[PDB]
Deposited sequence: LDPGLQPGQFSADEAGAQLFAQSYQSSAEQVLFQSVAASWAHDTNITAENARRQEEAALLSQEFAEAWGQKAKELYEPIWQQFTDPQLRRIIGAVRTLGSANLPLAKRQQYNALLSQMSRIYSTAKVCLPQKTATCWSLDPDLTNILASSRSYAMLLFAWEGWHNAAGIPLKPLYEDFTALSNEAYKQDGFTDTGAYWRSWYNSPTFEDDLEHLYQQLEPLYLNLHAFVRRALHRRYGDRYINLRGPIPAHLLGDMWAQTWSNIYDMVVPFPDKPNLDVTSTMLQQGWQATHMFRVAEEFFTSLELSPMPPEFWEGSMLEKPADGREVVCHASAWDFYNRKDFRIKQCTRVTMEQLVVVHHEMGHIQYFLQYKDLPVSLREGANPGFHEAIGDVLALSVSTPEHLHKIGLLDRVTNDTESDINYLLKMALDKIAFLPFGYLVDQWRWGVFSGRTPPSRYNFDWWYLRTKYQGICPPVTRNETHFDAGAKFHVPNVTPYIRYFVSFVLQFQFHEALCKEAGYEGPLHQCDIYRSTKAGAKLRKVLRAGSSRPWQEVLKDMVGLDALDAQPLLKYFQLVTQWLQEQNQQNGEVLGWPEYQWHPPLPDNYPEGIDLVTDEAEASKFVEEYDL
């Protein structure tokens, strides 16, 4: 460690801790900057050399964390929890947790190489015709093909290509990760990940939310299954069984927006799939990001700085460059450089993703003057919810009209059902998936799911919660959890489930603050500077305060609450229930063992 980055000496008490923290933050930004930079260089240009540079940057970060980590424990270990300054306790508790820096050097090098290689496998995997990338090739197949056999080829090829080679590495990663966090006092890495919500009842609280939400999912599921049965027939769809996992428009069946075509209840009302209008009008990536930005500035939030426009990667490079295409928002921790890296495609769903990523950026801009340790969400679900809340307003038929994407205007019950059904295909269909991913990982980290049961337990949870089944046989050679980005990229998922509940709590409060007085699902906060100020207060707090109290200041309640989501969807919740009854549907999938047959031609599309 460079001498300037090393910790000096400090008194063993709170006034020393504060000087410690200032000295730390001074050196942290440089260490953060070089590792973010090196990750950026790699993820926008996947090369062995850039992987090497990133691993060295990560080793440097580990050196930094050990030095300051061990000094913090030398002076402050048995007194930091009684400090008067609550932000200083948060800062100190963070520095004192070493994580992977608890590993000896050799194992640090093993760990960093495992992360690099798992990331490279996921982001460079291809499906070859007897070759397609995940983004855009396989994604567009999953979204637009209605050929059972073709969808099957893409789904199987992707899961086999990404997952199978990842499994031995994921096993070794899990062991080293657990060894590292066990030395910070956590029983396993999952306990560490859950501690970020600072709630002793986290898992029970989540289960209680899901119980309130599940009936909405079960009714959407049965309604969509019926539509699928009309198109693919009784041989490929079982009306009392799980839905084959490749038929819902998305590689993970986690959002069903792309089959809106087949389920739209009132096709004579305005056509809410405005993707074609975007293409007819010549929308490109940069337009999408400029339209998102202007929503933020309409609220008197900040525009994207010039460094964002000059540095960001907003389209997949066409110059023969391997990149990580999975969207991300980047804080370089120098208070100046903030970027998005998205392989943006011209679709309405991608326009919502653009807002989601820009919501991350806006957070970074508002708290860039906090101590680096407090530059994060009040919890990770907050950070994930910011852009989604704004996109809730953007998605309304009235707002789409304002921005030229929906010429025809209506305000009637059929049009509302259409719109709420389309929104539910994104927000309701996602809830079981957002909930199950880290149930799987928590069981792996705890050891209840050994490698011998990685896929058995994944599909147990996929069937239990999502009511889907794999369309070809799977065994423990397959590692289908590894075919989802966040798993090999070692980044948690429960934040998205929390965000999907939170974002409707946020939406209700912002709409009220803007003075909006109609149905919650027709609120558009565009140009509400009062709504903007209320959101800005949340953004500026970073993690300086407990998320339960930031929440109460914003929405008037100190807990996650499903009621705003339920209120938003109430009309289509009622309607789907009626429709399923009148069709004599079975809610659920009591033929839990059922899987579809293979196409007679298979393999062939």
Point to revise | Ranges missing from the model, given as deposited sequence positions | key: 131-135, 611-629
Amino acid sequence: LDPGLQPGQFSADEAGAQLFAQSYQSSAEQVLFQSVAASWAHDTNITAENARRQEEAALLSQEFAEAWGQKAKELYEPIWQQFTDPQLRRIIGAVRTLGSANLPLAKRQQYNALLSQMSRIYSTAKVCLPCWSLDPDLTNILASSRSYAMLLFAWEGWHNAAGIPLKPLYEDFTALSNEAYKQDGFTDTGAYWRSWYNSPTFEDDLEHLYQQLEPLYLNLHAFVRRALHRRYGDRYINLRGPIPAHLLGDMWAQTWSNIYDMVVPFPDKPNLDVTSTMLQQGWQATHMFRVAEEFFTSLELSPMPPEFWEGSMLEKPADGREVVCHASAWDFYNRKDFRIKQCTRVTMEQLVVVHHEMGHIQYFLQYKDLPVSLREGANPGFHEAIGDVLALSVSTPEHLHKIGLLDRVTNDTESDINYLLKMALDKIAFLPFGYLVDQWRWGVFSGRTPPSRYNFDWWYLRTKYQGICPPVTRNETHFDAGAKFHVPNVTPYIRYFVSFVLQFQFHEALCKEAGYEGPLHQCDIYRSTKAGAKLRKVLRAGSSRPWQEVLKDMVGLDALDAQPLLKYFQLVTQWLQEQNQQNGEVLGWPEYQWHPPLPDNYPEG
From here on, numbers count along this sequence of modelled residues.
**Study point:** Residue range whose averaged C-alpha B-factor is higher in the record, 172-180 or 81-89
**Key:** 81-89
Study note, to complete from the structure: Once average C-alpha B-factors are taken from the entry for 210-218 and 92-100, the winner is 92-100
**Study point:** Highest-ranked of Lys73, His521, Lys167, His159 once sorted by CA temperature factor in the record
**Key:** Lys73
Revision key, fill the gap. Among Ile428, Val409, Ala509, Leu436, highest Cα B-factor in the entry goes to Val409
Review point. Taking the entry's C-alpha B-factors for this chain, is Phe569 in the lowest, middle or highest third?
Key: lowest
Review point. Which third, lowest, middle or highest, does the CA B-factor of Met304 fall in along this chain?
Key: middle
Point to revise | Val444 CA temperature factor, ranked by third within the chain | key: lowest
Review point. Is the Cα B-factor recorded for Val346 in the lowest, middle or highest third of its chain?
Key: middle
Practice item. Among all modelled residues of this chain, ranked by Cα B factor, put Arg462 in the bottom, middle or top third, i.e. lowest, middle or highest. Key: lowest
